[PDB]
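**Q** Experimental structure below, sequence on top.
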Amino acid sequence: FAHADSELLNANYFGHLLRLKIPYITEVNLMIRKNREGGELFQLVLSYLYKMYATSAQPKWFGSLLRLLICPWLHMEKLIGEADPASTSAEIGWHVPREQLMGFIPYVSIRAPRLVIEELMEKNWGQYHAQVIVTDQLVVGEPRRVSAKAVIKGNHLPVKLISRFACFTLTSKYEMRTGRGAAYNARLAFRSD
Amino acid sequence: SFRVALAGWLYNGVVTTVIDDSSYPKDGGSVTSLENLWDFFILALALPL
Amino acid sequence: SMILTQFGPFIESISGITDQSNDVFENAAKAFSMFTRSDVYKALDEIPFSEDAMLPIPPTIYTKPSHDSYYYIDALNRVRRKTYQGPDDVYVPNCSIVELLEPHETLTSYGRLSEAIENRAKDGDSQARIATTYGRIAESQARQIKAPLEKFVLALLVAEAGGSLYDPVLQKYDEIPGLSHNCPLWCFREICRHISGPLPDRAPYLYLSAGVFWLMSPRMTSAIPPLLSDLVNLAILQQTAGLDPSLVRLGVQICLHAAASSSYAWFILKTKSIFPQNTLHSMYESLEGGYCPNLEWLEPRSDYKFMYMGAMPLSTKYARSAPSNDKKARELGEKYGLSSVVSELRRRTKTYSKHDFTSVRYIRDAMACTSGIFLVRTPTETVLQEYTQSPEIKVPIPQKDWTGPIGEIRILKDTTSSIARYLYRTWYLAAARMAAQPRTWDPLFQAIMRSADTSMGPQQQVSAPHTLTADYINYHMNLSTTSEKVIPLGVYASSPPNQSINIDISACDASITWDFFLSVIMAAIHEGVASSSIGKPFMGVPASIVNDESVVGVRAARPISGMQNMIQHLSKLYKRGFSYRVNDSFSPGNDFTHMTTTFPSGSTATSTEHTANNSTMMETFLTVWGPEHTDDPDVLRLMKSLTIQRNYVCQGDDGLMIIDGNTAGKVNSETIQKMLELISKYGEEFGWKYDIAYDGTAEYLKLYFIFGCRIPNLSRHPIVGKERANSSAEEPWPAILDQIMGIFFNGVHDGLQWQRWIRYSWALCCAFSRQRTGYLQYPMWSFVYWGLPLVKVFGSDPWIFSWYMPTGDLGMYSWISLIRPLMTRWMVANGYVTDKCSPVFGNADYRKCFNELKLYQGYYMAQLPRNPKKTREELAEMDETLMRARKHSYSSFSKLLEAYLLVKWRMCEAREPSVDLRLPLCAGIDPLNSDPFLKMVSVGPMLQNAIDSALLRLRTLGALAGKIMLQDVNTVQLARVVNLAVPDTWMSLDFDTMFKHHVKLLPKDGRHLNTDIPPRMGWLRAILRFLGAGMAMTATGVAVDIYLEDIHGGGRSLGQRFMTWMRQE
Amino acid sequence: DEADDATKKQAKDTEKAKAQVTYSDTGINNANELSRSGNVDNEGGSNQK
């Protein structure tokens, strides 16, 4: 999230820039909420400061993001549903060779019908290279995990490289299945069943 | 400059309201110029207050 | 005396004593290859140095702690550095280097970067990437030179061994302090000895094509290879410019503080404005006398038509009325420990009180002492220093003063309260007036104008109408841009009654964004175009449609024109920003992408619209924001008297504003400062940070004037300095002579001490002549073909020609036609007689004399291409082609030069002068610099292609296209048919008046009946003008009025030879 | 000086950079305008002591 337009532009943010608004009156929201930690009118003044700090570009109707977020997934279960969880799902992620001294972090996760993931087994996932720093302790009651850090070197992933027929998640943290870890020239690996 | 001009009608023997210098045509002005005609128009419309 | 015993007969040839010859040139060039690098320092060990060269070199240069605390590794795993003093401390630091070295074979003492560290860096070690980053950037900083420095120092030792010279004009010797009184060479000797110490072979680094080698000692730091290239420039310029040594010692002292600093290049970046600030920005606190020019520019002021009308003396009232300098100029020295330099400059500057050549040469010699090096840093910090800044808008335009979108464009309602409506209406009127032109609508012109990311080592298809309406503002609406005539602008603007304000915009690429400028501009172009163009498509984009919410009543469909369809597709590109991609070869594992709002550096269309945006905001400053924000009606009266058509000139980011003199004298110099504060306040409201300057001078396109002065910047380009951006190897050997000629022709335009400068140019010219492949070698006449004047040949007077002589066949015509009755005597003076008489040289065999002296072979060998055009075997092909010209014996010159040599001229009487002698026109040139001082007064300074070739080729031979057949053009265009051009040297003079009036094609005693040009083929006159004006410029001294005397074969049969050359092509 | 100070207070109250309604530098020559100060006493003499 970001308050103003220029807050993501003066800081050299990398990513898709989305200018959004909701159909509500944002002003009278600022008088309903207590526990605001300061002046209750001061935050309305601070809202005006951010509204004037931004550039004069037209925002684009928060439903334009929310339909992308919900509606492909809801349409997916009407035809992917109860085929098999083993062979409708697949995941993209970075792959390190086994020859290490003391691995597959996930990048996206794809759910599709059988023919689509069979069409996803080709379209080779080389020409994509990162540098994975992988060193952490186990943190939660789920199995062995190390919160790694991957920095993509080459070009980023096109969407028509994936499909028009296969839904995929948009956000993901990084972890792999003790010891240490250093800079590894990782590559991608499409796994499925 | 309009509302103070209205308020100055009440106080005549103390303060007097004039149109400022450099609201007139620059350098005397000439009829042959386009800008000085509109400057005279603005000035002659604003004077009677 | 070692150099004397080695180079006896050559130094006398280039000092005016003995005649120049090819065999002495080649026997010297045999020895120039045969020098060890230690031999140069052995030759430096023997010269006795005086007491006024000795100054304390600090001990702290040699002991610098290593580079581990300087760099680090950022997140995203790219290497950076942490800065210690200031956020711009991103240059190369100075540390101990020797610990990262392994020695070369064949010689123990010199090492390079070790292969194990780059292996582990390619593997991905943390420290090894930092170490190879530092090693590669130190190599790239040390590499920025043209040739190894020992060759330049050796050329200095050869050229300046002939003692003082003699002037044929002033009839006396010159007084220039010799090598004993030369402080940069004393320091260059002491540093290079103290590095080595007990170790022999005494060269701190050697220079090769791909990489360098370092002397393996703890005394070696990274600051030394820029420091030595910095000292060699001052050691040459102290000789060949006649610098005062009291300024050269300060110039060396600042460089020693730079080497003793934390970083070298960063200190020079922060200290690059000491010499002009103390000297040039503080001249004439008390003015008492001197002459100044009297220009005026003619009344259609957009034409920039100037006129010189005499010169008047100065008066007492024209002193420096500009504000003071002391409070910040002393502060700059007190911050960096240079108060002993700054106070030394100020107390010496305060002693000049008259405007003559002396005080002008003081400014030249003070500006020369700045260090011209090329700042070196990695691209991965060049980007993240330059492209991370952003403009700050202190007064943005409110959200009420916009409507809803027309597609992706919001329009600006004209009832806004901000200043942006004046920006809006100029671009709107510009688009509305360019769309109504008939030329933008035939398909041929659209095809002609047809004819993602960007990186560093397709925007031009859709960003057309922005550029197309920028050109209309620059050339039709406000003709303030001068996009050759920049000189008389500043000579008027630097005069006594008028002042000038040097306005420069900082960060012109980071200046304009979508916040204030691009949104209003793309709203204006989307509306000015849609009136004239309705449905009519552009080149390749069709018409379209997009919804709108212009009025808040309803929404509707409103079809898009097709020319504004590009505005629709292009504003979404400008709305987000640009994407860059980097990969430096100076640090491995460093390869990423980056998102900015800035523009690319050196595009073409990125200049024109910035100039339009400069002039528009300056006009709305002088019109609206000016009177609305100030008291003090002197300032109001000053603002209401000037407009940008009458006084404002801009070419890029920078601008120049001229405030003329009134009847009462000059303008009060305090109200000008009160207006300067308002310019600085005006820039803050929309993001521009002006770099305004008011001292009494004029700065425009980096040219420095004071009272109309033509001050050259000697340190604008160095001698031994060359830019290298990549890490790739350079071109092979026979293309270095182009840069050596570049050194010479750049020394021409700066007013060097000309006997010293030609004499040093000979030493370089003979040093760069031989290379291993029998070896390759150019004779000395091959360089005379390239525009290099001579000293004393064929038994003539010494110092007899000038460097204003042209190059090529027009150059070869002139000195031969001046020296010919002496040359034909010198040939017969040793057994070169034949029986028949030639029409040129008489009874002497010029063919055998020129073959044995190898003049022909140099003449044809200089015309070989120096470009190894599209491997070492192609280099060997070019070498065999170049050797074949030397082995072949020749019969005569080219057909053009032989057709030239039938024309004889005469020097009857000198012309009346064109300008005052006591007027200082140009800096550096004075009666002490005798020959340019005579040429520039006698001629006068300039104060006022394949199609054109081939159509004249077919027109002069017997054969717009209906217009050319009968008209004529001037001489400089009509005489390009035989490829004659006015050379680079004559550009700062008045060749037009000399061609038009003072070269007569008619003898003084009437008509000799031999010089009869027919009424047919009257194009010959335009070439005879050049052949006349050659010798009237090559002969040193006064440019003389020249009359035609003889054409041997007749004027009718003269041009038939030119027609044979035109048939032969 | 009182006219200049009142013009600056006028600018501060209207909240601009320049006061639109100015008191000094009008078109009227007012070189004979005296005001009350501490230089003269109640008698006619100067107040240097």
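**A** Cool, the structure landed. Residues are numbered from 1 along each chain as shown, chains lettered A, B, ... in the order given.
**Q** Quick check, residue C:539 in contact with residue C:447.
**A** Yes. With contacts counted by Cβ atoms under 8 Å, residue C:539 reaches residue C:447, the gap being 7.5 Å. For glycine as for every other residue, the C-beta is placed from the backbone atoms N, C-alpha and C.
**Q** These two: which has the busier surroundings?
**A** residue C:539 (15 against 10; other Cβ atoms under 10 Å in any protein chain shown).
**Q** for that one, what are its contacts?
**A** Each residue near residue C:539 by Cβ atoms under 8 Å, 6 or more residues apart in numbering or on different chains is listed here: C:446, C:447, C:449, C:450, C:464.
**Q** Please report how far the nearest residue to the first one once chain neighbours are set aside lies from residue C:441.
**A** Right, residue C:446. Closest residue in space to residue C:446, ignoring its immediate chain neighbours: residue C:539 at 4.6 Å, by Cβ to Cβ, 6 or more residues apart in numbering or on different chains. If you measure residue C:539 against residue C:441 using Cβ to Cβ, to the nearest Å, the figure is 11 Å.
**Q** Over to residue C:710?
**A** 47 Å.
**Q** And the two? Which one has more around it.
**A** Legend: neighbour count by other Cβ under 10 Å for residue C:710 and residue C:441, higher for residue C:710 (23 against 13).
**Q** Leaving out chain neighbours, which residue sits closest to the more buried one?
**A** Computed as Cβ to Cβ, 6+ apart, the closest residue to residue C:710 that is not its neighbour in sequence is residue C:922, at 3.9 Å.
**Q** How many residues are close by that neighbour?
**A** 21.
**Q** Tell me the secondary structure at whichever residue of chain D sits closest to chain B.
**A** Among residues of chain D, the one nearest chain B by Cβ to the nearest Cβ turns out to be residue D:27. It sits 3.7 Å away. Going by DSSP: H, G, I helix; E, B strand; the rest coil, the secondary structure assigned to residue D:27 is coil.
**Q** can you check residue C:905 too?
**A** Criterion first, three-state DSSP; result for residue C:905: strand.
**Q** How about the residues of the stretch 551-700 of chain C by chain B?
**A** Within the stretch 551-700 of chain C, the positions near chain B by Cβ under 8 Å from any Cβ of the partner chain are C:627, C:633, C:636, C:640.
**Q** Quick check on those residues: which are buried?
**A** When burial is judged by neighbour count using 16 or more other Cβ atoms under 10 Å in any protein chain shown, the buried members of those are C:633, C:636, C:640.
**Q** May I ask which helix or strand encompasses the second one?
**A** Going back to what we said before, that points to residue C:636. With elements delineated by DSSP states H and E, residue C:636 resides in helix C:633-639, which encompasses its position.
**Q** check contacts around residue C:423.
**A** Shown in contact with residue C:423 (Cβ under 8 Å, 6+ apart): C:517, C:520, C:521, C:616, C:617, C:620.
**Q** now, which of those residues sits nearest chain A?
**A** Of all the contacts of residue C:423, the one sitting nearest chain A is residue C:520; the distance, using Cβ to the nearest Cβ, is 8.9 Å.
**Q** Show me what the helix or strand hosting the closest one is packed against.
**A** Using DSSP H and E, the secondary-structure element containing residue C:520 is helix C:517-528. The criterion is 3 or more Cβ pairs under 8 Å, 6 or more residues apart in numbering or on different chains; DSSP states H and E, and the helices and strands that helix C:517-528 contacts are strand C:409-410, helix C:420-435, helix C:464-472, helix C:564-576.
**Q** Quick check: can you name the pairing partners of the first one and their directions?
**A** On the basis of DSSP bridges, the sheet neighbours of strand C:409-410 come out as strand C:405-406 (antiparallel).
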